[PDB]
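Trainee: Could you have a look at this structure, given as structure tokens, before my questions?
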Amino acid sequence: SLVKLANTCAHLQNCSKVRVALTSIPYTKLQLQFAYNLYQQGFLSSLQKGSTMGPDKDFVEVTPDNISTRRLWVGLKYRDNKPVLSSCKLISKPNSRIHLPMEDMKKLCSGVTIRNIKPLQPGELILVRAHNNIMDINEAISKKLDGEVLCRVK
Amino acid sequence: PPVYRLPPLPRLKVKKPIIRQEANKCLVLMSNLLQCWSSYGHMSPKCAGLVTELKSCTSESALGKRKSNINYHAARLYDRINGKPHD
Amino acid sequence: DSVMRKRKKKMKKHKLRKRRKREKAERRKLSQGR
Amino acid sequence: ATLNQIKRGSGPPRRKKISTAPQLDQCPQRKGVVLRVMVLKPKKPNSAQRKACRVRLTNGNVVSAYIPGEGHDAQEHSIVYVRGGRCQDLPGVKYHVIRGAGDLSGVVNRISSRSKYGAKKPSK
Amino acid sequence: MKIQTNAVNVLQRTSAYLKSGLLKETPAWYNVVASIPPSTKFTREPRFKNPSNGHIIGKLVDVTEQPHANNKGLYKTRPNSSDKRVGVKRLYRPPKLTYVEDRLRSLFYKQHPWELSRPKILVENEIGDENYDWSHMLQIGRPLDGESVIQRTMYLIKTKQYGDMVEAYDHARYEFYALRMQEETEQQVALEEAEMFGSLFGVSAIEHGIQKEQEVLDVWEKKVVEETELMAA
Amino acid sequence: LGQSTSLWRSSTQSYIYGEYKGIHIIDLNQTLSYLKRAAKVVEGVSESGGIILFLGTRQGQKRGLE
RNA sequence: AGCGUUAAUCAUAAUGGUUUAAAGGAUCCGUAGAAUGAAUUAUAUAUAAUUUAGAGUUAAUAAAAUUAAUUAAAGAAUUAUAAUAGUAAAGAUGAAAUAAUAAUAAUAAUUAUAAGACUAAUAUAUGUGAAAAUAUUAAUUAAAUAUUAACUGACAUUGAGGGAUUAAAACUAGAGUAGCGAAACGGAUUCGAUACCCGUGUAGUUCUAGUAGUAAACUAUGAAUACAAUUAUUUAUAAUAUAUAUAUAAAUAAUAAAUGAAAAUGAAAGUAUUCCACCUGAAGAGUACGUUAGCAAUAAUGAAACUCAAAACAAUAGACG
RNA sequence: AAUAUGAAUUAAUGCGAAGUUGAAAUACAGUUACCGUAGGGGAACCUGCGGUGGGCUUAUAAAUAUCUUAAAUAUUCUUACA
Ligand SMILES: [Mg+2]
Ligand SMILES: [Mg+2]
Ligand SMILES: [Mg+2]
Ligand SMILES: [Mg+2]
Ligand SMILES: [Mg+2]
Ligand SMILES: [Mg+2]
Ligand SMILES: [Mg+2]
Ligand SMILES: [Mg+2]
Ligand SMILES: [Mg+2]
Ligand SMILES: [Mg+2]
Ligand SMILES: [Mg+2]
Ligand SMILES: [Mg+2]
Ligand SMILES: [Mg+2]
Ligand SMILES: [Mg+2]
Ligand SMILES: [Mg+2]
Ligand SMILES: [Mg+2]
Ligand SMILES: [Mg+2]
Ligand SMILES: [Mg+2]
Ligand SMILES: [Mg+2]
Ligand SMILES: [Mg+2]
Ligand SMILES: [Mg+2]
Ligand SMILES: [Mg+2]
Ligand SMILES: [Mg+2]
Ligand SMILES: [Mg+2]
Ligand SMILES: [Mg+2]
Ligand SMILES: [Mg+2]
Ligand SMILES: [Mg+2]
Ligand SMILES: [Mg+2]
Ligand SMILES: [Mg+2]
Ligand SMILES: [Mg+2]
Ligand SMILES: [Mg+2]
Ligand SMILES: [Mg+2]
């Protein structure tokens, strides 16, 4: 869900503000994907499944017995007295969800304000959902996927 | 027991530090004499030495002999003694 | 509203009340039968 | 300010200018007939004797019009044209009699700013 | 207090100045600070073990990991309320260090109040230099006290001479007692010897105490008389 | 031996090892590494001929500081 | 070869706000919502089958005796009447008088009857209630906390319109009426005194049945969810080997960060998401007209003309009291 | 039926002019001020009832404190001693 995603973004921002190292997130698929995307772009130092109490050392299979207590632990990242993941504003908010075609995404990438989105920035990452798979907006353009403009990290 | 923490104050100070001195000797003698004269009629010689002692005390002046650094410690140690959280 | 600002409002309300008191008989006359 | 609220009528207040001269009826001038011609005391703090006049326009509504320039020529019936200026010190007068036209004559021995009054070019 | 940027970014700020020409000459520290960079990464780092005990902080016991019946014979089939709450503050708040020896220490001084009266120097000598075999109590650099007993108990526990802790403690206590008795006898006999061979002690401990009391009493007496006089009048 | 459990600036959390006797205890391996780093920079500025200034306002510190 | 001026149009700040400046509905309940809202997999934002983390249901085990409504009790005093004995003042105020005060024998005192209305300590409104509210006692009926066990399987959030409750005053009936007390009258005060003080003291305050639906109905701060750095206090829960030092929550008080016009807010006035209400210069105005509702007072709804370049808040330094 | 214009007389309100009567508010504004409401008064206002602080969180003591080798030992010590 999108509300959840917004909440996790807010939590990430809060954690960046006070400089915590290792932070929990809810264990869902969308959320996990988002976390993986951040990790690959280079905003998170670590990403690992775990309990509500802490990250897991060994593998523990997730079932109806565990699922309520399961959690996604995430390492934050800092360099020269400045946090890497400064912001996590989402674009498609729950009330005004926005879905762009490939042309619109291209325009956004090339410095054009679209549907009241400030076009994407030098060291920024706009994530895009396309058939329940979160991608970079550039990646989506390359693959040519009309998708929901999810969120924005800087 | 019930502890009572104050808020952050501008300045911990007592407005009138008492330096509870001892009471005056001459005054005491005078009171004793008065007490003696309550009994034994007006001026009997049971209080013959007491009157003399009083006179000796109150010859140069009516009283014989003529401050606590407490709010120099409060002021000093307020910032320490606070449970004021960090900056 | 500060107290000073409120005082203008209060005054206005008082004036209105006075006007209503004055125009009671007139109001009664106007109301009944029309 | 919620998205739904905005949809059902909410937003910034669009500042659509407002008519400085309503009685003029959305046009540059209107002809009028002077009724009386006054000498008004201005507001505090500035003092003079302002040569205003009362004018019934052709559209019907009556207006307190200022008369600029030195000495003027206006009776109790003169044809006078009104424009939408405002005499700032006199309250309740939101108009000027335009001075070259009508029975109101051009202001005499005017050298500077002649078109602002009636004054013709002296022609050596 | 906000994380100060300007205490650790000193060389960068000076490097900029040098580039500009605001600074003609480089500082003495500049090269040194370049060589040895500051930390500048003021994070809250999480901790997963209590160092004293060796308990695990991070882990959660699952429903599948608790198959057998609970106290009051109910099988756990669900996560409880506490198993759902996100326990992140435990990872970050520093661990309360616990030792088995602390309890033994507490017990000993309850059992032996007058061992508290034996003065204790807390100013450490080289902690690395020592090398005590707790086969016995009497170590060289260390004095005889409840601590030594406790160390002996711990040694016994480790070696499994006494498998039970209580028995080991008792044994250590009994070892201590004999030593204490011996110490007591030593001093008395030394005193006796001194008395025999014409040694002269100017002030004995009890005499000293009496003298100390006397001054206080004298102070009290004058004050008390004054107070009585006050009361009379 | 760190300050106290109730006088805690949580900014310093990474440095502290655990709490004991109602007192935060400073991780001492960390202390060592920071000391070494500090010692090296002190040596470096002395080598370069820099002005080192030792500031110590507490009561007993004067003689050792001098 | 136009330049002025007037009349107009577009641009020129919502890349806004509502504790204190315009602006949170008195409070909750709940309908619509073309408002928003968990998990996993598979179908070609939906369907389908599975989940239990939200939201509920019922037990069990601990606690708590509070809030409603109703019925039945308690108490210090107050006034009034009467008796007793007793003597000249009493009562009041800044100081005085007027009065159902007193030589018809008072006031004070001691008794003895009656009447209403109030609830000293404990008390912190701590707590409890949706908010109005709510502390003498008891009973009845209703509702209420936490943790476990089991079950339901997103059933939720917010909520236009709507609905219900809503202090004090007011009103309509019928009781009641000690004390207090608008008005009125009288005495003072004062240049005056339609006041502040004193005296008589009617409505009212009290109960029963209603009407009405407003208050600085205020935390001047709508509700919900997720999240973020410390400390100290209590409160409850669990374990500990009943009294220890521990783990949880909850509240209260200081703060970090952050936000902020600042004052300051501090788990919200922070970071975010959702939903509703409301604001768009000051006067004129919550006025007029109109409509609806009310026994009525009134309540809600709610304009325009005319006139200004004002008007407002936080804080600063003075002067002043 | 609705709308528009007119109406003797009459009410509110604005702007100007600073006249008269008081002195209600701002300080403890000389009776704390304001909310709701009711009654009264030339006029500001006054008075009852409950509410609010945007007025008092402006908050700041009933006082007494202890014994071990005072030194040939501590106090000195400049990478020494071990
Ligand atoms: Mg306001
Ligand atoms: Mg010219
Ligand atoms: Mg700050
Ligand atoms: Mg615009
Ligand atoms: Mg409200
Ligand atoms: Mg609701
Ligand atoms: Mg509420
Ligand atoms: Mg009470
Ligand atoms: Mg009645
Ligand atoms: Mg009266
Ligand atoms: Mg009533
Ligand atoms: Mg009703
Ligand atoms: Mg009202
Ligand atoms: Mg309000
Ligand atoms: Mg506070
Ligand atoms: Mg902000
Ligand atoms: Mg604000
Ligand atoms: Mg009305
Ligand atoms: Mg008709
Ligand atoms: Mg007329
Ligand atoms: Mg006068
Ligand atoms: Mg007065
Ligand atoms: Mg006063
Ligand atoms: Mg006054
Ligand atoms: Mg006053
Ligand atoms: Mg007054
Ligand atoms: Mg009156
Ligand atoms: Mg009042
Ligand atoms: Mg009340
Ligand atoms: Mg109230
Ligand atoms: Mg005030
Ligand atoms: Mg104040």
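Starting from 1 in every chain, residues are counted up; chains themselves are A, B, ... following the order of the structure tokens, and ligands are numbered from 1 as listed.
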Which residues are near range 7-13 of chain C? Cut-off 9 Å, only C-alpha atoms (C1' of nucleotides), ignore same chain within fewer than 5 positions. Put them as a PDB file with N, CA, C and O atoms (P, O5', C5', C4', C3', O3' and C1' of nucleotides), in the first residue's frame.

Mentor:
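Resulting contents of result-v1.pdb:
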ATOM      1  N   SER C   2      -7.642  40.257  21.061  1.00  0.00           N
ATOM      2  CA  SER C   2      -7.182  40.808  22.336  1.00  0.00           C
ATOM      3  C   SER C   2      -8.387  41.360  23.101  1.00  0.00           C
ATOM      4  O   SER C   2      -9.500  41.410  22.565  1.00  0.00           O
ATOM      5  N   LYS C  18     -29.550  47.767  23.230  1.00  0.00           N
ATOM      6  CA  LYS C  18     -30.252  49.029  23.497  1.00  0.00           C
ATOM      7  C   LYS C  18     -31.287  49.365  22.431  1.00  0.00           C
ATOM      8  O   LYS C  18     -32.422  49.729  22.749  1.00  0.00           O
TER       9      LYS C  18
ATOM     10  P     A H  25     -12.862  51.061  34.322  1.00  0.00           P
ATOM     11  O5'   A H  25     -12.284  50.735  32.875  1.00  0.00           O
ATOM     12  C5'   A H  25     -12.635  49.524  32.187  1.00  0.00           C
ATOM     13  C4'   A H  25     -11.773  49.352  30.962  1.00  0.00           C
ATOM     14  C3'   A H  25     -10.267  49.393  31.197  1.00  0.00           C
ATOM     15  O3'   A H  25      -9.793  48.123  31.637  1.00  0.00           O
ATOM     16  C1'   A H  25     -10.816  50.814  29.395  1.00  0.00           C
ATOM     17  P     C H  34     -14.196  45.189  30.354  1.00  0.00           P
ATOM     18  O5'   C H  34     -13.549  44.050  29.449  1.00  0.00           O
ATOM     19  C5'   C H  34     -14.270  43.484  28.344  1.00  0.00           C
ATOM     20  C4'   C H  34     -13.967  42.013  28.190  1.00  0.00           C
ATOM     21  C3'   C H  34     -15.170  41.116  27.971  1.00  0.00           C
ATOM     22  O3'   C H  34     -15.718  41.230  26.661  1.00  0.00           O
ATOM     23  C1'   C H  34     -13.749  40.107  29.544  1.00  0.00           C
TER      24        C H  34
END

Trainee: Compute the set of chain B residues within 9 Å of chain G, using only C-alpha atoms (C1' of nucleotides), and express it as JSON, numbers by chain.

Mentor: {"B": [2, 3, 4, 5, 6, 7, 8, 83, 84, 85, 86, 87]}

Trainee: Store the residues picked out above, limited to C-alpha atoms, as a PDB file, in the first residue's frame.

Mentor:
ATOM      1  CA  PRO B   2       7.282  12.159  47.520  1.00  0.00           C
ATOM      2  CA  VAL B   3      10.191  14.077  45.944  1.00  0.00           C
ATOM      3  CA  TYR B   4       9.410  17.536  44.503  1.00  0.00           C
ATOM      4  CA  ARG B   5      11.494  18.705  41.537  1.00  0.00           C
ATOM      5  CA  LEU B   6      11.333  22.434  40.784  1.00  0.00           C
ATOM      6  CA  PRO B   7      11.240  23.817  37.225  1.00  0.00           C
ATOM      7  CA  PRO B   8      14.182  25.769  35.743  1.00  0.00           C
ATOM      8  CA  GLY B  83      18.610  18.167  37.264  1.00  0.00           C
ATOM      9  CA  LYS B  84      18.483  20.342  34.160  1.00  0.00           C
ATOM     10  CA  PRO B  85      18.760  18.245  30.992  1.00  0.00           C
ATOM     11  CA  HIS B  86      21.628  18.772  28.545  1.00  0.00           C
ATOM     12  CA  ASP B  87      22.018  21.593  26.017  1.00  0.00           C
TER      13      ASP B  87
END

Trainee: Can you work out which residues are within 8 Å of ligand 22, considering only C-alpha atoms (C1' of nucleotides) and all ligand atoms, and then hand them over as an MDAnalysis selection string?

Mentor: chainID H and resid 23:24 30

Trainee: Find the residues of chain B in contact range of chain H, meaning any atom within 7 Å when counting only C-alpha atoms (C1' of nucleotides), and list them as a compact mmCIF listing (two decimals) with N, CA and C atoms, in the first residue's frame.

Mentor:
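Written output follows (out-v9.txt):
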# COMPACT_ATOMS: atom_id res chain seq x y z
N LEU B 12 18.34 30.57 42.24
CA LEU B 12 18.03 30.01 43.56
C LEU B 12 18.65 30.89 44.63
N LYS B 13 17.80 31.53 45.43
CA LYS B 13 18.27 32.31 46.56
C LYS B 13 17.20 32.42 47.65
N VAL B 14 17.66 32.41 48.90
CA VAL B 14 16.83 32.73 50.04
C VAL B 14 16.87 34.24 50.18
N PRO B 17 18.65 35.16 54.67
CA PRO B 17 19.33 34.13 55.42
C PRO B 17 19.51 34.54 56.89
N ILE B 18 18.84 33.81 57.78
CA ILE B 18 19.03 33.88 59.23
C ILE B 18 20.39 33.30 59.64
N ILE B 19 21.07 34.07 60.46
CA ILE B 19 22.36 33.73 61.01
C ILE B 19 22.10 33.71 62.51
N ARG B 20 21.17 32.83 62.89
CA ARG B 20 20.73 32.62 64.26
C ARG B 20 21.82 32.74 65.32

Trainee: Return as a PyMOL selection string the full set of residues in chain C whose backbone-based DSSP assignment is helix (DSSP H, G or I).

Mentor: chain C and resi 3-22+24-31

Trainee: Could the residues in this selection be written to a file with N, CA and C atoms, as a PDB file, in the first residue's frame?

Mentor:
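The resulting file, selection00.pdb, is reproduced below:
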ATOM      1  N   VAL C   3      -8.168  41.784  24.343  1.00  0.00           N
ATOM      2  CA  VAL C   3      -9.250  42.341  25.169  1.00  0.00           C
ATOM      3  C   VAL C   3      -9.705  43.690  24.601  1.00  0.00           C
ATOM      4  N   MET C   4      -8.736  44.517  24.208  1.00  0.00           N
ATOM      5  CA  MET C   4      -8.990  45.829  23.600  1.00  0.00           C
ATOM      6  C   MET C   4      -9.873  45.731  22.359  1.00  0.00           C
ATOM      7  N   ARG C   5      -9.543  44.787  21.481  1.00  0.00           N
ATOM      8  CA  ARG C   5     -10.337  44.534  20.273  1.00  0.00           C
ATOM      9  C   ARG C   5     -11.740  44.037  20.602  1.00  0.00           C
ATOM     10  N   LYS C   6     -11.812  43.079  21.525  1.00  0.00           N
ATOM     11  CA  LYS C   6     -13.089  42.571  22.060  1.00  0.00           C
ATOM     12  C   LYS C   6     -14.015  43.657  22.589  1.00  0.00           C
ATOM     13  N   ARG C   7     -13.426  44.684  23.197  1.00  0.00           N
ATOM     14  CA  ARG C   7     -14.194  45.768  23.803  1.00  0.00           C
ATOM     15  C   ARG C   7     -15.042  46.556  22.804  1.00  0.00           C
ATOM     16  N   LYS C   8     -14.544  46.712  21.579  1.00  0.00           N
ATOM     17  CA  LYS C   8     -15.320  47.314  20.487  1.00  0.00           C
ATOM     18  C   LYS C   8     -16.543  46.465  20.144  1.00  0.00           C
ATOM     19  N   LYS C   9     -16.314  45.160  20.009  1.00  0.00           N
ATOM     20  CA  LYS C   9     -17.381  44.176  19.768  1.00  0.00           C
ATOM     21  C   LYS C   9     -18.449  44.192  20.859  1.00  0.00           C
ATOM     22  N   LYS C  10     -17.989  44.176  22.109  1.00  0.00           N
ATOM     23  CA  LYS C  10     -18.851  44.281  23.292  1.00  0.00           C
ATOM     24  C   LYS C  10     -19.732  45.522  23.236  1.00  0.00           C
ATOM     25  N   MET C  11     -19.101  46.646  22.909  1.00  0.00           N
ATOM     26  CA  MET C  11     -19.778  47.941  22.805  1.00  0.00           C
ATOM     27  C   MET C  11     -20.874  47.886  21.738  1.00  0.00           C
ATOM     28  N   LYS C  12     -20.508  47.372  20.565  1.00  0.00           N
ATOM     29  CA  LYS C  12     -21.451  47.132  19.458  1.00  0.00           C
ATOM     30  C   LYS C  12     -22.655  46.292  19.872  1.00  0.00           C
ATOM     31  N   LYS C  13     -22.373  45.209  20.592  1.00  0.00           N
ATOM     32  CA  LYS C  13     -23.406  44.304  21.097  1.00  0.00           C
ATOM     33  C   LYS C  13     -24.355  44.998  22.068  1.00  0.00           C
ATOM     34  N   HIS C  14     -23.779  45.822  22.937  1.00  0.00           N
ATOM     35  CA  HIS C  14     -24.544  46.634  23.877  1.00  0.00           C
ATOM     36  C   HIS C  14     -25.483  47.613  23.170  1.00  0.00           C
ATOM     37  N   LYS C  15     -24.944  48.306  22.169  1.00  0.00           N
ATOM     38  CA  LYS C  15     -25.711  49.252  21.345  1.00  0.00           C
ATOM     39  C   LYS C  15     -26.895  48.580  20.668  1.00  0.00           C
ATOM     40  N   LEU C  16     -26.626  47.409  20.099  1.00  0.00           N
ATOM     41  CA  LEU C  16     -27.641  46.573  19.461  1.00  0.00           C
ATOM     42  C   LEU C  16     -28.757  46.203  20.438  1.00  0.00           C
ATOM     43  N   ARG C  17     -28.359  45.766  21.629  1.00  0.00           N
ATOM     44  CA  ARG C  17     -29.292  45.419  22.707  1.00  0.00           C
ATOM     45  C   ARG C  17     -30.178  46.601  23.095  1.00  0.00           C
ATOM     46  N   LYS C  18     -29.550  47.767  23.230  1.00  0.00           N
ATOM     47  CA  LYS C  18     -30.252  49.029  23.497  1.00  0.00           C
ATOM     48  C   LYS C  18     -31.287  49.365  22.431  1.00  0.00           C
ATOM     49  N   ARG C  19     -30.865  49.269  21.172  1.00  0.00           N
ATOM     50  CA  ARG C  19     -31.748  49.479  20.020  1.00  0.00           C
ATOM     51  C   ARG C  19     -32.965  48.556  20.071  1.00  0.00           C
ATOM     52  N   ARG C  20     -32.716  47.281  20.357  1.00  0.00           N
ATOM     53  CA  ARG C  20     -33.784  46.284  20.505  1.00  0.00           C
ATOM     54  C   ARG C  20     -34.770  46.625  21.615  1.00  0.00           C
ATOM     55  N   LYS C  21     -34.229  47.086  22.737  1.00  0.00           N
ATOM     56  CA  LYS C  21     -35.027  47.532  23.879  1.00  0.00           C
ATOM     57  C   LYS C  21     -35.920  48.718  23.512  1.00  0.00           C
ATOM     58  N   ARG C  22     -35.326  49.699  22.833  1.00  0.00           N
ATOM     59  CA  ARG C  22     -36.043  50.880  22.327  1.00  0.00           C
ATOM     60  C   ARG C  22     -37.187  50.505  21.400  1.00  0.00           C
ATOM     61  N   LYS C  24     -39.110  47.952  20.939  1.00  0.00           N
ATOM     62  CA  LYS C  24     -39.883  46.787  21.374  1.00  0.00           C
ATOM     63  C   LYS C  24     -41.344  46.976  20.997  1.00  0.00           C
ATOM     64  N   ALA C  25     -41.905  48.114  21.403  1.00  0.00           N
ATOM     65  CA  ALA C  25     -43.293  48.475  21.093  1.00  0.00           C
ATOM     66  C   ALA C  25     -43.530  48.596  19.590  1.00  0.00           C
ATOM     67  N   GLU C  26     -42.569  49.216  18.907  1.00  0.00           N
ATOM     68  CA  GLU C  26     -42.589  49.358  17.449  1.00  0.00           C
ATOM     69  C   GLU C  26     -42.554  47.997  16.756  1.00  0.00           C
ATOM     70  N   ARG C  27     -41.657  47.133  17.228  1.00  0.00           N
ATOM     71  CA  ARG C  27     -41.511  45.764  16.717  1.00  0.00           C
ATOM     72  C   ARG C  27     -42.791  44.950  16.891  1.00  0.00           C
ATOM     73  N   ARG C  28     -43.366  45.037  18.089  1.00  0.00           N
ATOM     74  CA  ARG C  28     -44.658  44.421  18.414  1.00  0.00           C
ATOM     75  C   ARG C  28     -45.755  44.856  17.447  1.00  0.00           C
ATOM     76  N   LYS C  29     -45.833  46.164  17.218  1.00  0.00           N
ATOM     77  CA  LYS C  29     -46.805  46.752  16.295  1.00  0.00           C
ATOM     78  C   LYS C  29     -46.639  46.218  14.875  1.00  0.00           C
ATOM     79  N   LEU C  30     -45.390  46.175  14.422  1.00  0.00           N
ATOM     80  CA  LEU C  30     -45.044  45.633  13.107  1.00  0.00           C
ATOM     81  C   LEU C  30     -45.377  44.151  12.951  1.00  0.00           C
ATOM     82  N   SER C  31     -45.162  43.376  14.011  1.00  0.00           N
ATOM     83  CA  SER C  31     -45.275  41.916  13.945  1.00  0.00           C
ATOM     84  C   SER C  31     -46.714  41.417  13.834  1.00  0.00           C
TER      85      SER C  31
END

Trainee: Please identify the residues whose atoms come within 12 Å of ligand 4, using only C-alpha atoms (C1' of nucleotides) and all ligand atoms, and report them as an MDAnalysis selection string.

Mentor: (chainID D and resid 11:15) or (chainID G and resid 10:16)

Trainee: Do you know which residues are at most 6 Å from range 113-130 of chain G counting only C-alpha atoms (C1' of nucleotides), after dropping those on the same chain fewer than 3 positions away, and could you put them as a PyMOL selection string?

Mentor: chain G and resi 27-28+66-67+136+178

Trainee: Can you tell me, as a ChimeraX atom specification, what residues are no more than 6 Å from range 45-60 of chain F when counting only C-alpha atoms (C1' of nucleotides), ignoring any on the same chain fewer than 2 positions away?

Mentor: /E:28-29 /F:42-43,62
